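Engineer: I'd like to ask some things about the structure below.
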Amino acid sequence: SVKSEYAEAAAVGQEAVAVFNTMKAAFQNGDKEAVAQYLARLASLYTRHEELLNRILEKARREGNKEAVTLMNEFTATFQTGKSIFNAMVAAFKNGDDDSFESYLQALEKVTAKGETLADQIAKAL
Ligand SMILES: Cc1cc(C)nc(N)n1
């Protein structure tokens with residue numbers, strides 16, 4: 001069901017949380033080789049999460065589930081804010097700009113924590 005597809009998407013989201021927190025520790029410790037690998041892992045995870053979310057939104061639309069479509073439109077919009085910040089973080093790492101990396105890292109954390117009430121709302125709506 002679309003509901004079980006959303007639980008699979010939620011797990012991929014939690015995997016990115018886990019890797020992101022490990023990556024933050026590596027960044028603080030100056031282990032740039034680890035950071036590079038974690039950033040590649042996160043890009044793959046976000047790409048997967050984004051695709052699963054789009055399929056869920058498209059299905060909710062085909063089902064006529066108006067409330068779920070509303071919430072998923074809002075949620076995917078916030079997802080893109082996170083993605084833009086993530087991409088900027090990756091660029092800051094490439095450029096050696098640790099000040100911007102720190103800034104983007106904190107912003108991505110706050111964007112992500114803010115989106116969690118909506119994430120739970122969607123599970124109930126599907
Ligand atoms: C990139 C991103 C953004 C938001 C709001 N939530 C998640 N899980 N991932």
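Lettering and numbering for the structure tokens are positional, with chains as A, B, ... in the shown order, residues counted from 1 in each chain, and ligands counted from 1 in the shown order.
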Do you know which residues are within 10 Å of ligand 1 using only C-alpha atoms and all ligand atoms? Can you write them as a PyMOL selection string?
Structural biologist: chain A and resi 9-17+42-43+45-47+49-50+74-87+108-116+118-119
Engineer: Would you work out the distance separating atom CA of residue 122 of chain A from atom CA of residue 72 of chain A, expressed in Å to one decimal?
Structural biologist: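 Result for atom CA of residue 122 of chain A versus atom CA of residue 72 of chain A: 6.9 Å, one decimal.
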Engineer: With distances taken over only C-alpha atoms, which of A:92, A:56, A:71, A:126 is nearest to residue 3 of chain A?
Structural biologist: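 Among the listed residues, the smallest separation from residue 3 of chain A belongs to A:126.
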Engineer: Can you tell me which residues surround residue 1 of chain A at a distance of at most 12 Å, considering only C-alpha atoms, apart from same-chain residues fewer than 4 positions away, and format the answer as a VMD selection string?
Structural biologist: chain A and resid 5 to 8 55 to 56 59 to 60 63 123 126
Engineer: Take the residues from that selection and write them out as a short mmCIF file (atom, residue, chain, number, x, y, z; two decimals), in the first residue's frame, keeping N, CA, C and O atoms.
Structural biologist:
```cif
data_model
loop_
_atom_site.label_atom_id
_atom_site.label_comp_id
_atom_site.auth_asym_id
_atom_site.auth_seq_id
_atom_site.Cartn_x
_atom_site.Cartn_y
_atom_site.Cartn_z
N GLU A 5 4.61 1.90 1.59
CA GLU A 5 5.62 2.61 0.84
C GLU A 5 6.10 3.84 1.61
O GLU A 5 7.29 4.15 1.60
N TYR A 6 5.23 4.50 2.35
CA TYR A 6 5.69 5.67 3.10
C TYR A 6 6.54 5.24 4.29
O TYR A 6 7.52 5.92 4.62
N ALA A 7 6.23 4.10 4.91
CA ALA A 7 7.09 3.61 6.00
C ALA A 7 8.48 3.22 5.50
O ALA A 7 9.49 3.44 6.18
N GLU A 8 8.56 2.67 4.28
CA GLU A 8 9.85 2.39 3.67
C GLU A 8 10.61 3.70 3.39
O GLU A 8 11.80 3.83 3.70
N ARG A 55 6.89 9.25 -5.81
CA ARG A 55 5.98 8.16 -6.14
C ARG A 55 4.78 8.13 -5.19
O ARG A 55 3.64 7.87 -5.61
N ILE A 56 5.01 8.41 -3.91
CA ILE A 56 3.94 8.44 -2.92
C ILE A 56 2.97 9.58 -3.22
O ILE A 56 1.75 9.41 -3.14
N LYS A 59 0.91 8.75 -6.25
CA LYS A 59 -0.11 7.76 -5.94
C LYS A 59 -1.27 8.38 -5.16
O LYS A 59 -2.45 8.13 -5.46
N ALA A 60 -0.96 9.20 -4.16
CA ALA A 60 -2.02 9.88 -3.42
C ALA A 60 -2.89 10.72 -4.36
O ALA A 60 -4.12 10.77 -4.22
N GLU A 63 -5.18 8.41 -6.27
CA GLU A 63 -6.20 7.92 -5.34
C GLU A 63 -7.22 8.98 -4.97
O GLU A 63 -8.23 8.64 -4.33
N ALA A 123 2.00 10.04 7.55
CA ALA A 123 1.78 8.62 7.81
C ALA A 123 0.32 8.35 8.15
O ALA A 123 -0.27 7.35 7.69
N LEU A 126 -2.25 8.82 4.87
CA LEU A 126 -2.19 8.01 3.65
C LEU A 126 -3.15 6.84 3.68
O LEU A 126 -3.59 6.41 4.74
#
```
Engineer: List the spatial neighbours of residue 27 of chain A as number ranges by chain - criterion: any atom at most 10 Å away, only C-alpha atoms, same-chain residues fewer than 4 positions off excluded.
Structural biologist: A: 21-23, 31-36, 93, 98, 101-102
Engineer: Can you tell me how far atom CA of residue 88 of chain A sits from atom CA of residue 105 of chain A, in Å to one decimal?
Structural biologist: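 Atom-to-atom, atom CA of residue 88 of chain A and atom CA of residue 105 of chain A are spaced 9.5 Å apart.
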Engineer: I need the residue nearest residue 4 of chain A from this list: A:48, A:89, A:124, A:96. Use only C-alpha atoms for the distance.
Structural biologist: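 Checking each candidate against residue 4 of chain A, we get A:124 as the closest.
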Engineer: Under the rule that only C-alpha atoms are counted, which of A:61, A:37, A:44, A:28 is the nearest residue to residue 99 of chain A?
Structural biologist: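 Counting only C-alpha atoms, the residue closest to residue 99 of chain A is A:28.
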Engineer: State, in Å with one decimal place, the distance from atom CA of residue 95 of chain A to atom CA of residue 39 of chain A.
Structural biologist: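 Pair atom CA of residue 95 of chain A / atom CA of residue 39 of chain A returns 14.1 Å.
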